[PDB]
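Structure record follows, encoded as C-alpha cells.
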Amino acid sequence: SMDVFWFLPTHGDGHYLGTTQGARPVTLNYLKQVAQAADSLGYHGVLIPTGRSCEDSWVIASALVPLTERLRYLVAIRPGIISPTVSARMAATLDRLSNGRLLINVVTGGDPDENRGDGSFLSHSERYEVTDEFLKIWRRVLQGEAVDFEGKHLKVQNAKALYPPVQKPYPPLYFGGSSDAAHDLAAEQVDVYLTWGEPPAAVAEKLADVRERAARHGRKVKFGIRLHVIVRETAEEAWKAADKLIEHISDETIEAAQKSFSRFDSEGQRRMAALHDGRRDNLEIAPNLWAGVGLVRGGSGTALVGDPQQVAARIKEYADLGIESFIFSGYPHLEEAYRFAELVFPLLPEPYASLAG
Amino acid sequence: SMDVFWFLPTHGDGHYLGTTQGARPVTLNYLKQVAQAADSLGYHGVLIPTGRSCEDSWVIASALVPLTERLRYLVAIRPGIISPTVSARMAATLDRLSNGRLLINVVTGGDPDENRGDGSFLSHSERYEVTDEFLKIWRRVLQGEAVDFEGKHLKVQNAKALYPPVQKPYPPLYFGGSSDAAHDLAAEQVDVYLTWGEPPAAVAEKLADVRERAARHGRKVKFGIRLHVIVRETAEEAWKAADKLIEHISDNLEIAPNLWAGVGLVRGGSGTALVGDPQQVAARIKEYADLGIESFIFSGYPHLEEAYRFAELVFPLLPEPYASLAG
Amino acid sequence: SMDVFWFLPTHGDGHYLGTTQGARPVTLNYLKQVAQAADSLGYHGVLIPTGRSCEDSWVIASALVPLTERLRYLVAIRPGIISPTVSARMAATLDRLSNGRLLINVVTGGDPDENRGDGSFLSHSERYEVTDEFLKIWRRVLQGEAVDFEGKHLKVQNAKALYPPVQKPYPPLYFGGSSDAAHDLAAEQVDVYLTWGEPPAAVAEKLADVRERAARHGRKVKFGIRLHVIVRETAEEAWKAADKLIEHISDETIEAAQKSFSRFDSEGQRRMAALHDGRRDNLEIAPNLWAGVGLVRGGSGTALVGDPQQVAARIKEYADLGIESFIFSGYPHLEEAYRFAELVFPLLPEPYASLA
Amino acid sequence: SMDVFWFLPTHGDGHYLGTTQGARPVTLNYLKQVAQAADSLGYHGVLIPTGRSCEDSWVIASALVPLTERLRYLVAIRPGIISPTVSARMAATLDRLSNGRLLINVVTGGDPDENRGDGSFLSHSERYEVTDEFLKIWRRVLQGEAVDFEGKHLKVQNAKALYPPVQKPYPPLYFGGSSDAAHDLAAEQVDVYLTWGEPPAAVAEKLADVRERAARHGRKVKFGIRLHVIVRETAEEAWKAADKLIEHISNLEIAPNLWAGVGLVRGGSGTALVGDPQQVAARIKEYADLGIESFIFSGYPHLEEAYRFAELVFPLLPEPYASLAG
Ligand SMILES: Cc1cc2nc3c(=O)[nH]c(=O)nc-3n(C[C@H](O)[C@H](O)[C@H](O)COP(=O)(O)O)c2cc1C
Ligand SMILES: Cc1cc2nc3c(=O)[nH]c(=O)nc-3n(C[C@H](O)[C@H](O)[C@H](O)COP(=O)(O)O)c2cc1C
Ligand SMILES: Cc1cc2nc3c(=O)[nH]c(=O)nc-3n(C[C@H](O)[C@H](O)[C@H](O)COP(=O)(O)O)c2cc1C
Ligand SMILES: Cc1cc2nc3c(=O)[nH]c(=O)nc-3n(C[C@H](O)[C@H](O)[C@H](O)COP(=O)(O)O)c2cc1C
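Just so you know, the protein sequences line up as chains A, B, C and D, in that order.
Quick note: our numbering has the first sequence finishing at residue 587, numbered continuously throughout.
Quick note: our numbering has the second sequence finishing at residue 704, numbered continuously throughout.
Quick note: our numbering has the third sequence finishing at residue 460, numbered continuously throughout.
Quick note: our numbering has the fourth sequence finishing at residue 327, numbered continuously throughout.
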C-alpha cells in the first residue's frame with residue numbers, strides 16, 4: 231500500500247530558492263492550477279502548510295474543495311490558538327462539503343516568536359499538554375458525544391458538534407514531531423506519524439521508537455515521510471537542476487537561515503538542520519538524498535535527486551521500513567507535479583503504475 | 378445609496394416553521410444555488426449566520442467565493458474563541474481570494490450555554506472587554522503594524538499579518554448590539570451598526586444614540602437593519618403566506634403597519650418581517666431609509682425561491698442600481 | 105424502470121404565457137441555475153430544445169457539462185443542415201467530456217419557413233430520406249468504421265470519427281414524430297420513441313403502431329412522453345395556478361399564434377392543435393390533462409394539473425402503457441423543478457422515492 | 002497594439018515529436034489546465050485547431066468559456082459542412098455566454114480526403130466560392146438582416162438570427178490562405194489575415210499583396226502570424242531542446258532564429274522561433290514592424306511552455322504584456 235501526496239505552495243513559489251528572481255506569486259488562480267493538476271494526475275492528496283508565512287490553510291482548502299473531484303486535503307490544525315469545539319465544527323463542515331476528503335495535520339508550533347504573535351506563551355511541554363487536551367476534546371465531539379472536560383489548559387462544558395463528519399470515527403489524524411512529548415502524543419492519539427527526509431537509518435530508529443510506544447498503548451500507527459524531489463530523465467540533468475535551484479543564494483544568506491532555525495524550539499527542525507552545517511559543499515548526505523533545500527527553507531530540508539530508477543529505489547527503501555505515505559514537492563510546483571507523475575508513477579505500486587497512460 | 382443583502386441558510390431551510398415537513402437540508406449544492414442566485418440577481422451580498430446550529434461560516438464562505446463574481450460575504454468572527462492574529466490572517470486570505478468581497482460581522486455570543494461549550498467562561502461585561510481588545514489588535518495587524526498588546530484579556534507580542542488585504546484599511550466591520558457597551562464599541566471601532574426589525578420609532582432612537590456617541594469620537598457610522606420579507610403581488614396573498622408559514626405552531630402578531638413578528642416564534646433568522654404587496658414593502662423600506670439606514674439584510678422561506686421573488690417584485694421600486702437590474 | 109427529465113428553457117422563461125410580464129431572460133447564470141438544480145435534485149437529465157427561437161443547443165449543453173456531476177443532456181441534432189460526420193464528432197467530443205452523459209434527440213424540422221432559413225428546401229418525405237441517410241452514417245462512424253455511403257441526398261467517402269464515444273454503441277437516440285415516415289424511421293433506427301402529452305388512449309395506439317413496426321425490423325424500442333406539469337399541495341391550488349398561467353391571453357393572439365401552427369409541416373403539431381382549436385373554454389381534455397399551454401406555445405401543449413396523488417396517478421397510467429421516460433417542465437422552470445421534485449418524487453418508483 | 006495568443010492542443014500533446022514517449026492525451030482536465038493557464042497569465046486568447054484529428058472545437062470552446070474570465074477563444078468555422086444560418090446562431094450564443102470573448106477563424110480545408118469524408122466534393126476554386134457565399138450570409142444575419150441569398154452553392158430564404166451577438170458588427174473574422182482566391186477573399190470580407198511563420202522577406206510580400214487588394218475595395222485589414230516557440234534562458238538550452246524534440250524521426254535553420262524542425266510532422270505551425278528572450282523578442286519586433294499585430298504562439302508541452310513564454314518574453318513585449326509579470 232502506498233499513498234503519494236503533493237504540496238500546495240501557500241507560502242510562495244518560483245524557480246529558485248532564496249532569490250526573488252523567477253518568483254511566482256500565490257493567487258487563487260495559481261492554487262487552482264496546482265490543485266487541479268494533482269487531482270487530474272492522480273495524487274492521493276496535497277499537504278497545505280500553516281504558519282505566519284502562509285495564507286490561511288482552512289480558507290485555501292475550502293476554496294479548492296468544490297473545484298476538485300478525488301483529491302484529498304491534508305489541512306493543519308494548531309491547538310492553543312483556537313477553541314477545540316470550533317475547530318471540530320470546521321473539520322466537520324469541510325469534511326461534509328468534500329464528501330470525506332479531509333485529512334488533519336496536528337501542528338504544535340515550533341517558533342516561539344510566532345506563537346507569541348498568536349497570543350500563546352507556552353513552554354515546549356505546555357504546548358504538548360495543550361495539544362493532548364485539544365485532541366481529546368476534538369476526537370470525542372466529532373463522534374457525537376456532548377463532551378465535559380476540565381484539564382490543566384482547556385475547559386469545556388457540554389461541547390457538541392451537531393453535524394457529524396463523513397469519515398469515521400473522525401478525519402484521520404496526521405502528526406509530525408521528534409521530541410519525547412511528540413512520540414508519546416503520536417503513539418496515543420494520532421493515526422499517521424510523519425517524519426522529514428532523514429537518511430534511511432535515522433528514520434528507521436524513529437519509526438521503531440514510535441512503534442514500540444504505540445504497542446504499550448495497544449495501538450498501531452502508520453507512517454509517512456516528507457521529501458522534496460528533483461527527478462529528470464537522466465542523472466546528469468537532475469544534479470544540474472539541484473545545483474541551479476540554489477545558485478542565487480549568497481553565503482551570507484545561508485548563515486542567516488542557519489541561525490534563524492536555532493530560535494525554533496523544535497526538535498524536528500533541530501535534526502533536519504543538523505544534517506547540513508551550512509556548507510555549500512558535500513550536500514549529498516546519502517545515496518540520492520541531497521540536503522541543499524534546507525539551506526534556506528524552513529520545514530523540509532532534503533530532496534531525492536536522480537533518475538527515475540534511482541528515485542523509485544529510495545522510495546522502496548523507505549517503504550520497506552514500513553512507510554506508506556509520501557509527501558513530495560518541487561520547484562516550481564505546477565511543472566514538477568507533472569514531472570514526477572510522468573517519470574516516477576509507472577515505477578511505483580498500484581494504482582500509481584496504471585495512472586500514467 | 379442602498380445595499381440590499383440576502384441570507385444564506387447555513388442552519389437549514391424549509392417551507393414552514395416548527396415542522397420538519399418540507400425541510401431542505403443544508404448541502405454544498407443547495408448553498409451554491411442560493412449564493413449563485415443572489416450573485417446573478419444583483420444582491421450586494423449575503424449574510425452568513427454563525428453558531429452551534431450552523432455549519433462553519435468560514436468554510437462555507439471560502440467554498441462559495443470562487444463560484445461567484447460580485448456577491449459579497451458578511452462572515453462572522455467571534456472574539457474569545459480564536460486568536461485575533463489568526464482571525465486576521467483568515468480575513469486577509471478570504472479578502473484576497475475574493476478580490477475584496479469580504480465583510481466582517483462582529484459577534485460576541487449571546488448564549489452562555491453555547492459559549493461554555495466553546496471554552497469561554499466570561500460574563501456579559503467581560504465579553505465586550507474581550508471584543509474591544511480583539512478588534513484593536515485585529516484592525517492594527519491588518520494595517521501592516523507589528524502589534525505589541527497586553528490588555529486585561531488578550532496579550533500578543535510581534536503580531537503580524539504578512540499578506541495585506543484588498544479592502545483598505547481592512548474589511549468593513551458590521552456589528553449589532555443594544556447594550557451601552559455595544560453602542561460605545563460601535564461608536565469607536567465599527568463601520569456599520571446593525572439593528573433588528575423594530576418599529577420605526579424604536580429604530581430612530583437607537584440610531585440617534587449611536588450617532589451621538591460616534592460624533593464624540595469624530596467619526597460617522599452607517600446603519601443597517603435585518604428583516605424577513607414576505608412579499609407577493611397583492612396584499613391578500615402576502616398575509617395568507619404568513620399564516621401558512623406558521624400553521625404547524627402551538628399556542629395579534631402585527632406590531633406595526635406591515636411589520637409582522639411571526640417569524641420570531643422560533644429561533645430562526647430574525648424576529649420581524651415585512652408583509653405586504655410591492656408598494657407596501659418598498660414604502661416601509663423607504664421609511665427606514667429616511668432614518669439613516671443604508672444596509673438591508675433580507676431573508677425568506679425558502680431562501681432560493683424568495684430571493685427571486687423579492688428581486689423581481691421590489692427591486693424595480695428601490696433606488697439604483699436595483700432599478701436597472703430587473704431588465 | 106423510469107427516467108424523469110426536466111427542461112432547460114432556452115426559449116426564454118417567465119411566470120405567464122403570452123405577455124412579457126414576469127419574464128425571465130435566458131442567461132448563462134440562469135441556465136446554470138436550472139441545470140444545477142436538476143442535477144442536485146436527482147433528475148435523470150434535461151431536454152434542450154432547438155430552433156430559430158432558441159439559443160444553440162450544442163453551445164449550451166457543452167457549457168453546462170463541466171458544471172454538473174450526474175445530470176444527462178438530451179441534445180438535438182438536425183439532419184439536412186449539418187454534415188453527419190461533423191455531427192458525429194461533436195457527439196463524441198461532448199460524450200467524452202461528460203463521461204457518458206450525452207443523449208441525442210433527432211429533430212427533422214417541422215417549420216418549412218425556418219428550414220428555408222437554414223438553406224434546406226425539402227418536402228416532408230425528403231426530410232425523412234435525408235434523416236434516414238444521416239442516421240445510417242452517424243451510427244456507423246461512431247462505431248469505428250471508415251464509412252463509404254452514396255445515397256439520394258448524402259454522400260461520404262472515408263468518413264471517420266477518430267475519437268470513440270463513451271456510451272456504446274453510441275449516445276442513445278431519442279426521436280419524436282407522428283407521421284408515417286416518422287414511425288418507420290423510429291422503428292428502424294432510434295432507441296426511444298417520444299410523444300407529446302395526448303390522452304392515454306391516443307398514446308397507446310401510437311405506441312402500438314411503433315411497437316408493431318419495430319418487430320418487423322427485429323427490434324424493440326422504449327417509449328417516452330413530454331408533458332408540462334402544474335402540481336400544488338391541493339387540487340384547488342393547482343387549477344388556480346393553471347388559470348393564472350393563461351390569464352393575459354387575448355383572443356387575437358390565440359389566432360395569431362395558433363394559425364402559425366397551421367403553416368407547420370408537422371403531424372405532431374397538427375394533432376396537438378387539434379385538442380383545443382383556439383377555444384379557451386373546456387381545456388381539460390382528460391382527467392387532470394389540461395391543454396391550455398398549447399394556446400400560444402408550440403411543441404408540448406398539455407400539462408398534468410392536480411395534487412401530488414392525482415399527478416402521480418396519471419404518470420402511473422402512462423407507465424402501464426410502456427412509457428419509461430418522462431420529460432417534464434414548468435413555469436417558471438427553476439421554482440417548478442423543486443416543486444415537482446419535492447411533491448411528486450416521493451410518490452414515484454425508486455430511485456426518486458428515496459432521493460429526499 | 003499587439004495580441005499574443007496561445008494554443009489549445011486539441012489534437013494531442015507531449016514532450017517529443019514522432020514518438021509516443023512522453024505523450025499527454027487530450028482530456029477535459031488537461032484542456033482546462035492549458036486554458037486556465039493562458040487566462041491567468043494574461044494571454045489575449047487561444048487558437049483552437051479544427052479537423053479530423055481534433056476533438057470538436059465548438060464543444061471544447063463552449064465547455065471552457067464558463068471556467069475562464071478574460072481569455073478569448075479563436076474557434077474555427079468550416080463552410081461547406083454546416084449551414085451558415087446555423088453557424089451564426091452558434092457564434093451568437095457562444096459570444097453572448099462569453100460576454101464578447103469569441104473570435105472566428107474561417108477555415109476552407111486543404112485536405113481533400115478529409116473533405117470527402119465530411120460530404121464535400123468541391124475543387125479548390127469551388128471551396129472559396131462557397132466560403133465567399135458563406136461569409137456574406139453569415140455576416141449579414143449576425144447584423145440583424147433578414148437575408149435572401151441565391152448563389153452558385155448556397156441558397157437561403159428569410160434567414161434570421163434572433164439573438165444578436167455582443168461584439169459589433171460581429172465577432173472578428175480571422176483568415177489564412179496563400180492562393181489568389183484566398184487573398185481576394187481576405188481583402189473583401191475578413192478582419193485579420195493570418196500567415197505562417199515564413200522569414201520576414203516572405204511575410205512582407207504576402208502582407209503587401211493582401212493590403213494592396215484591400216485598398217481597392219476601400220477596406221483595411223490587420224495581420225497576424227502563427228509561430229511555434231522554443232525559448233529558454235540561454236540560446237544553448239533552446240537549441241538543445243530543439244534537438245531533443247525531433248530526435249526520434251527518420252540543416253534546418255532557414256533564417257536567423259527561424260527553425261523549421263517542427264514542420265517535419267503536422268501539428269500546428271511549421272517553423273519556430275528558437276533562442277533566448279532577447280533573440281525571440283527581437284524577431285517579434287521584426288515581424289511587428291511589418292504590420293503584424295496578432296501573434297499565435299505554441300510550445301511542447303503546451304502547459305509548461307505557456308508559463309515559460311509568459312515569464313521570459315512578456316516583460317520584453319509592449320504593454321499590457323510588460324506589466325503583467327508583476
Ligand atoms: C511533515 C511535517 C509537516 C509539518 N508541517 C508544519 C506546518 O505546516 N507548520 C508548522 O508550524 N509546523 C509544521 N511541522 C512541524 C511540527 O508540526 C511541529 O510544529 C514542530 O516539529 C515542533 O515539534 P517537535 O519539537 O516535537 O519537533 C511539520 C512537521 C512535519 C514532519
Ligand atoms: C443584525 C444582527 C446580526 C447578528 N448575527 C448574529 C449571528 O450570526 N450569530 C450570533 O450568535 N449572534 C448574532 N447576533 C447577536 C450578537 O451576538 C449580539 O452581540 C447579541 O445580541 C448580544 O448583544 P447585546 O447583549 O448588546 O444585545 C446578531 C445581532 C444582530 C443585531
Ligand atoms: C419530445 C419532442 C421534442 C421535440 N423537439 C423539437 C425541437 O427541439 N425542435 C423542433 O423543431 N422540433 C421538435 N420536435 C418536433 C419533431 O422533431 C418534428 O420537428 C415534427 O414533429 C415534424 O415531424 P412529423 O410531421 O412527422 O410529426 C419535437 C418533438 C417531440 C415529440
Ligand atoms: C494561421 C493559420 C491557421 C490555420 N488553421 C487551420 C485549421 O485549423 N484547419 C485547417 O484545416 N486549416 C487551417 N489553415 C489552412 C487554411 O485554412 C487553408 O485551408 C490553407 O491555407 C489552404 O488554402 P490555400 O490554397 O489558400 O493555401 C490555417 C492556416 C493558417 C495560416
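We put the beta carbon where it would ideally sit given N, CA and C, even for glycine.
Note down the Cα distance separating residue i from residue j, rounded to an integer number of angstroms.
i	j	result
A/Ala322	A/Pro395	5 Å
C/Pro412	C/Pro453	14 Å
C/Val211	D/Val60	20 Å
A/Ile278	A/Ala268	13 Å
D/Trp240	D/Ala256	14 Å
B/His421	B/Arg449	6 Å
residue 478 of chain C	C/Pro303	Residue 478 of chain C lies beyond the stretch modelled for chain C, which goes from 105 to 460, so this question has no answer here.
C/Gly405	D/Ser63	32 Å
Could you tell me if the beta carbon of residue i falls within a distance shorter than 6 Å of some heavy atom in ligand 1?
i	result
A/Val420	no
Determine whether the Cβ of residue i lies closer than 7 Å to any Cβ atom of chain B.
i	result
C/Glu351	no
C/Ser144	yes
A/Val316	yes
A/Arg319	yes
Taking residue i as part of the beta strand (DSSP E), name the residues at either end of that continuous run.
i	result
D/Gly177	174-177
A/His458	452-461
Can a CB atom of chain C be found closer than 7 Å to the CB of residue i?
i	result
B/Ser460	no
D/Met3	no
B/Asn406	yes
D/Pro172	no
Does the beta carbon of residue i sit closer than 7 Å to a beta carbon anywhere in chain A?
i	result
D/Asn100	no
B/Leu479	no
B/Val543	no
Counting only C-beta atoms, is residue i closer than 7 Å to chain D at any point?
i	result
C/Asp222	yes
A/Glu566	no
C/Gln261	yes
Would you say residue i touches ligand 4, meaning its beta carbon is less than 6 Å from a heavy atom?
i	result
D/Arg73	no
D/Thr51	yes
D/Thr109	yes
D/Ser180	yes
Following a CB-centred definition, is residue i positioned closer than 6 Å to any heavy atom of ligand 2?
i	result
B/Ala453	yes
C/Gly434	no
Nearer than 6 Å: is that true of the beta carbon of residue i relative to any heavy atom of ligand 3?
i	result
C/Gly372	yes
C/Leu298	yes
Mind checking which residues open and close the alpha helix (DSSP H) that includes residue i?
i	result
A/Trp236	First-last for A/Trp236: 233-237, but that is the beta strand (DSSP E), not the alpha helix (DSSP H).
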